[PDB]
Amino acid sequence: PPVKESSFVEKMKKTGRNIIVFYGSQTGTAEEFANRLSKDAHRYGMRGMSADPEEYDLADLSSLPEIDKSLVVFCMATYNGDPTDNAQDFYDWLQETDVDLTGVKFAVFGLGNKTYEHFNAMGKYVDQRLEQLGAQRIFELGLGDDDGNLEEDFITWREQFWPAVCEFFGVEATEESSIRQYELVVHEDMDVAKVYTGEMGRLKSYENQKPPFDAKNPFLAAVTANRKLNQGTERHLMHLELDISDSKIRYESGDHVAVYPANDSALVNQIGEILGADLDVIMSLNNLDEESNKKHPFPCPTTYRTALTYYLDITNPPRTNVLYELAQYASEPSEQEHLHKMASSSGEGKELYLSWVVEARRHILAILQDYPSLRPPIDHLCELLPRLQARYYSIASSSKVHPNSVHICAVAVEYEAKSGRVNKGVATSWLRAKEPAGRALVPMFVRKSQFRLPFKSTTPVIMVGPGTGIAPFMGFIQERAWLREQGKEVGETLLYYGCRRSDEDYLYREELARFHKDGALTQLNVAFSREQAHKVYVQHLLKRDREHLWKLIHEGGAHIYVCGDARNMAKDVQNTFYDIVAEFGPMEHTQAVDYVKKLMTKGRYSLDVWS
Ligand SMILES: Cc1cc2nc3c(=O)[nH]c(=O)nc-3n(C[C@H](O)[C@H](O)[C@H](O)COP(=O)(O)OP(=O)(O)OC[C@H]3O[C@@H](n4cnc5c(N)ncnc54)[C@H](O)[C@@H]3O)c2cc1C
Ligand SMILES: Cc1cc2nc3c(=O)[nH]c(=O)nc-3n(C[C@H](O)[C@H](O)[C@H](O)COP(=O)(O)O)c2cc1C
């Protein structure tokens with residue numbers, strides 16, 4: 001229960017703001033969009049501020065009309081058909097309230113991914129609900145699809161949004177001058193005890209650990225084990241064990257473990273070297289808006305090296321506003337023009353951004369090397385880069401068997417980018433380098449999920465997780481085996497797993513064989529996709545066992561679980577379940593779909609997919 005800030009409307013009145021942009025974000029994408037819209041206000045004679053709804057009480061929206069030409073914008077992401085954690089309060093409020101929002105003007109931009117049944121559910125709800133409550137829409141709902149290109153969807157919406165705002169309120173495009181949000185303050189003689197060295201919350205919080213641990217106060221768990229899971233050399237799949245003893249962290253199979261990684265030191269050093277900057281300068285970036293709660297873009301004071309290493313994202317392709325602001329620092333005309341045009345909503349500038357930056361997966365260093373005239377000051381770059389996010393992993397262990405250890409099953413990311421270089425996954429490269437052996441510590445925390453084994457030990461379980469999708473099921477199988485050892489009555493436990501070849505990347509091969517031998521796994525159905533000319537996938541095995549699965553589903557009350565790739569595997573497995581139901585019900589495809597979607601609402605078809 002966070003302590004709410006005082007009314008955001010009064011803050012707007014006291015600081016001359018007429019527009020406030022709220023963000024529902026978990027990976028920081030909606031947060032950036034909000035900040036971008038907020039900063040935009042200035043270019044149209046208005047003044048905005050972005051804000052975390054969790055820190056506020058949206059009921060004060062009814063007071064917003066008290067400000068002339070006032071407006072509120074919501075940039076909301078959706079997660080599993082639900083609101084972001086930080087937007088749950090606001091969501092619950094929209095449902096319970098009956099407050100009259102007459103006079104309130106709003107606009108909504110939703111961040112979603114079409115590869116989901118509930119595409120932009122949050123953005124759609126917020127947009128619809130504010131209207132039901134009496135507020136009037138000032139611009140159409142935005143539907144950003146992260147499966148195509150979200151950045152482009154924002155550009156398009158934004159380009160139309162402002163002219164519509166200006167026309168309704170009768171304001172002009174007062175043109176654009178580079179404006180810093182922070183001021184640099186170099187520190188020449190500061191006590192080392194006050195310089196952030198990578199911690200996420202309070203100073204020295206990593207050195208002096210105190211519970212409870214969470215996203216703002218992660219627990220530095222020792223890496224007790226880090227072994228290679230795959231047999232061959234095509235790729236690198238690994239199994240790590242994080243010791244959470246004395247952390248008091250609670251967890252259950254199905255939960256996720258998040259880790260705060262460190263960027264590649266070489267990459268950090270090269271960025272500093274190409275900019276001719278001294279990365280060991282101790283400094284702070286202080287907000288020019290002395291009223292804002294966001295005093296720095298990241299924990300300060302600190303060195304540029306530490307910022308680029310633990311607080312800043314220096315690997316993902318930079319967004320258009322970043323390249324736009326950096327353009328001023330490119331001394332070669334043609335290069336200044338290419339960067340400037342990256343923010344176009346159409347044409348060659350847009351196409352170049354999509355192919356040369358996004359498709360080629362060029363990170364900031366690559367751009368600095370490919371456009372050699374671009375030499376921005378390090379301090380402004382640090383202000384522009386997005387924050388380094390934590391990465392989530394499906395805990396591969398059962399707390400009933402390993403209450404003081406959190407297991408991770410992950411594939412190391414390393415690929416040839418069309419940018420011509422080899423790109424390395426931040427968290428996995430970092431995880432892979434951690435050696436059991438001070439100790440190898442990993443800053444982490446647990447996030448509870450709704451992916452859970454049936455409450456009743458007798459309820460049948462059908463698990464589908466090819467590749468790394470196996471990771472929560474190792475926890476499930478462990479727990480189910482443990483239940484049998486405790487004398488309990490355990491229903492059928494079926495695993496449908498898949499890999500390329502039994503001698504290449506069959507994860508947990510020995511463990512799964514043991515569980516099967518001992519009866520913990522009623523069936524171990526493995527699809528080896530490359531051992532023959534045609535592909536053999538998990539859904540092929542499900543179709544093969546359609547008769548039995550239907551019996552378990554329709555008569556046994558079986559629970560279905562699907563983990564892994566959400567792009568193709570999940571949809572294909574879902575389609576196969578449609579076919580099974582349709583044939584054995586029997587019923588028309590349309591009803592089969594409803595039947596399966598119903599199982600999802602009744603908690604009997606759960607997902608843990610990602611891209
Ligand atoms: C809820 C959830 C559960 C997850 N569970 C697990 C898990 O249990 N095990 C696991 O291994 N992962 C899991 N992940 C994925 C994990 O969170 C990270 O996204 C993954 O490990 C990569 O992170 P990274 O920092 O190593 O790579 P990053 O530096 O974050 O880079 C990731 C990006 O690289 C790009 N990329 C990757 N390959 C290519 C390529 N070949 N060509 C072009 N672009 C490419 C993509 O844009 C990808 O988004 C899960 C993710 C979520 C959201
Ligand atoms: C675990 C997970 C679940 C998601 N579930 C949904 C969903 O149900 N619907 C949707 O439209 N998008 C979904 N998305 C996509 C996000 O809404 C989209 O990537 C958004 O840009 C993230 O914004 P953020 O960085 O501000 O949190 C999901 C993404 C992840 C990683």
# chains A, B, ... in the order shown; residues from 1 in each chain; ligands from 1

call {"tool": "residues_near_ligand", "arguments": {"ligand": "ligand 1", "cutoff": "9 Å", "atoms": "only C-alpha atoms and all ligand atoms", "output": "MDAnalysis selection string"}}
result
chainID A and resid 237:238 256:258 261 263 313 315:317 358:361 389:396 408:418 423:431 467:472 563:564 608:611

call {"tool": "residues_near_ligand", "arguments": {"ligand": "ligand 2", "cutoff": "9 Å", "atoms": "only C-alpha atoms and all ligand atoms", "output": "PyMOL selection string"}}
result
chain A and resi 23-33+75-84+110-123+143-147+150+392+608-611

call {"tool": "closest_residue", "arguments": {"among": "A:541, A:184, A:566, A:99", "to": "residue 284 in chain A", "atoms": "only C-alpha atoms"}}
result
A:184

call {"tool": "closest_residue", "arguments": {"among": "A:180, A:187, A:535, A:488", "to": "residue 288 in chain A", "atoms": "only C-alpha atoms"}}
result
A:180

call {"tool": "residues_around", "arguments": {"residues": "range 554-557 of chain A", "least_positions_apart": "6", "cutoff": "12 Å", "atoms": "only C-alpha atoms", "output": "ChimeraX atom specification"}}
result
/A:454,456,458-462,491-492,546-548,580-582,584-586,595-596,599,602-605

call {"tool": "residues_around", "arguments": {"residues": "residue 510 in chain A", "least_positions_apart": "5", "cutoff": "12 Å", "atoms": "only C-alpha atoms", "output": "list in words"}}
result
residues 229, 230, 231, 502, 503, 515, 516 and 517 of chain A

call {"tool": "residues_around", "arguments": {"residues": "residue 176 in chain A", "least_positions_apart": "4", "cutoff": "12 Å", "atoms": "only C-alpha atoms", "output": "PyMOL selection string"}}
result
chain A and resi 39-45+324-325

call {"tool": "residues_around", "arguments": {"residues": "residue 6 in chain A", "least_positions_apart": "4", "cutoff": "8 Å", "atoms": "only C-alpha atoms", "output": "count of residues only"}}
result
3

call {"tool": "select_by_dssp", "arguments": {"residues": "range 31-206 of chain A", "states": "helix (DSSP H, G or I)", "output": "MDAnalysis selection string"}}
result
chainID A and resid 31:44 53:55 58:66 85:96 121:132 150:169 192:194

call {"tool": "closest_residue", "arguments": {"among": "A:369, A:331, A:226, A:309", "to": "residue 196 in chain A", "atoms": "only C-alpha atoms"}}
result
A:309

call {"tool": "residues_around", "arguments": {"residues": "residue 341 in chain A", "least_positions_apart": "5", "cutoff": "12 Å", "atoms": "only C-alpha atoms", "output": "list in words"}}
result
residues 320, 321, 322, 323, 324, 325, 326, 327, 334, 335, 336, 346, 347, 348, 349, 350, 351, 352, 353 and 354 of chain A

call {"tool": "select_by_dssp", "arguments": {"residues": "range 337-536 of chain A", "states": "strand (DSSP E or B)", "output": "PyMOL selection string"}}
result
chain A and resi 374+387+391-394+405-411+414-416+422-424+441-447+461-464+493-499+523-528

call {"tool": "closest_residue", "arguments": {"among": "A:191, A:105, A:51, A:345", "to": "residue 157 in chain A", "atoms": "only C-alpha atoms"}}
result
A:345

call {"tool": "closest_residue", "arguments": {"among": "A:376, A:299, A:318, A:163", "to": "residue 274 in chain A", "atoms": "only C-alpha atoms"}}
result
A:376

call {"tool": "atom_distance", "arguments": {"atom1": "CA of residue 465 in chain A", "atom2": "CA of residue 606 in chain A"}}
result
11.8 Å
